[PDB]
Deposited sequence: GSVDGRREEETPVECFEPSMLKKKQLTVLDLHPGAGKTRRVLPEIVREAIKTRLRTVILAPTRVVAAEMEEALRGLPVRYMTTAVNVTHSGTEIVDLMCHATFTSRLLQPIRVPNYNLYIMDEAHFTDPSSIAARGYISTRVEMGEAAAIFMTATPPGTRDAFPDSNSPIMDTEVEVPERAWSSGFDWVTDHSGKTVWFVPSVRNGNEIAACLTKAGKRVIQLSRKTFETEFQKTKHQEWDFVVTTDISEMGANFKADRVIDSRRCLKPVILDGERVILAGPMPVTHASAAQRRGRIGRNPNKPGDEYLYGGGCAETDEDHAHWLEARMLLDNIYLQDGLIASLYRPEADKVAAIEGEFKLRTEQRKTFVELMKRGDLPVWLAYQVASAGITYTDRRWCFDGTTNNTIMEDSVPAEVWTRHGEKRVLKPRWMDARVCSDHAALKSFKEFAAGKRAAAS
């Protein structure tokens, strides 16, 4: 029920779920996790470690060599499995059943992407069934209201006006800084504009988003950069050698309007958990005082209409558990959806299409569900062009057009409209390729 600051072997017993909420930088990932894993191995548990990103998983794989840990990019009691949250949930969605782990360790358990929410629901359900123990590691568990947690070194916090768009004058304090800054933006499109403005000022800028994270994060490990401009993905265990965080304190919220379409609402205030994790990128060196957190507004808790929790239910309704059972959301997040258990369950063929649209089509969960539940097969792209006029997708104030693999040039006008497929150039490029029956190599 209440979170703990210290690991104890009793936490590995079946039916125990423990939240370990040591403050940011206190050593959950690098110190407590190996201690748990060593004890899991000694007691012959069947253990999986769930990292939020491939970057952090590859860091764990290096940190845990010499231990029998197998990193899976997509065992019994002798080998500990390690994979990303999304890899875990993806495996639960395929016909071959996941090992019956009796110990789940989820690192950065605050991650609010649909696959992480679904993973917590499945895990917490297995624990309640008496089949496993689980440990959720995060300084900012669901519902935290503390944007200013403890840190290894004191942080200088200042509320300031943070640029939301490119600037041609003013804001000298942004560019006069001689250290390294991590700047949290609400969207890729907004980061693109901020980053271009910084580059014009002569700064060396690295941009981070979910789709580019693995390859672009490697650039931050070197000396030669001045700003990282990142979306909220860097709240999930990203390590920077930075002196300063600039925090818009803003995010976008995907919202399902009346079950018909998804809009991106905002930019609007972030949660306290998010603000704490953004600030928590700095102040991490106990012998380096003076790190700065400059933040642009207040916090607000997630409302009942954030699409990720409904999308998580769409995933969980299609994950096998035990005969006719369906997993619940982790209890502290279960009130965030009005959806009824099981209402998104698909028959077998539609479920395969649903998973293919997400994994191969790169479509958001909600959109993949609409298409699959309409009985459309994965390679039938006619729905990308037969929507109502209001669903026309624009590119540079002009309707976007696509050459289909059938040789016709069609206006992009999807039958279901999800704003996430056209929110920035890279998203639209991907969706235009999907609509044309093509796919970029991975």
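Gaps between the deposited sequence and the modelled coordinates occur at 1-9, 84-89, 458, listed in sequence order.
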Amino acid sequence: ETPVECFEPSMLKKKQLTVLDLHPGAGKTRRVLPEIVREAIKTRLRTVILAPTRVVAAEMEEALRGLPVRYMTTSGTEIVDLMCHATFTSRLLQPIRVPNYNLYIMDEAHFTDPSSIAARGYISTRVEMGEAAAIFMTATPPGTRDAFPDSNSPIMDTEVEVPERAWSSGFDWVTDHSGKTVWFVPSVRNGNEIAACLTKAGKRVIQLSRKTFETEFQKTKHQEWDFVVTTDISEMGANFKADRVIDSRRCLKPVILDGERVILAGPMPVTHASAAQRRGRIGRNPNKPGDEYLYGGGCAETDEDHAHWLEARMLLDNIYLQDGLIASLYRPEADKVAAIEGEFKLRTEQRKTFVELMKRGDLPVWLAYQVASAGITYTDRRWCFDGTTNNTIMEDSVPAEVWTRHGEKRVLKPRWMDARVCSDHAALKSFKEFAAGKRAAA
From here on, numbers count along this sequence of modelled residues.
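In this text, rigid core is short for the largest set of C-alphas that superpose within 1.5 Å between two forms.
In terms of root mean square C-alpha deviation after superposing on the rigid core in 4 other deposited structures of this protein, the stretch standing farther out between 219-227 and 178-186 is 219-227.
Residue-level annotation: residue 77 lacks coordinates in a third or more of the other entries compared, counting only those that model residues on either side of it. Stretch comparison (98-106 versus 238-246) by mean CA B-factor in the PDB entry places 98-106 on top. Between 267-275 and 346-354, it is 346-354 that carries the larger average Cα temperature factor according to the deposited entry. Looking only at 323, 146, 232, 113, the residue with the top Cα B factor in the deposited structure is 323. Take 211, 313, 203, 281 and read off each C-alpha B-factor from the entry; 211 has the highest.
When all modelled residues of the chain are sorted by CA temperature factor, residue 29 is found within the lowest third. The entry lists a Cα temperature factor for residue 71 that places it in the highest third of the chain's modelled residues.
When the modelled residues of the chain are ordered by their C-alpha B factor, residue 131 lands in the middle third.
Residue-level temperature factors show residue 193 in the middle third of its chain, judged at the C-alpha atom. Residue 49: CA B factor in the lowest third of modelled residues in this chain (values from the PDB entry).
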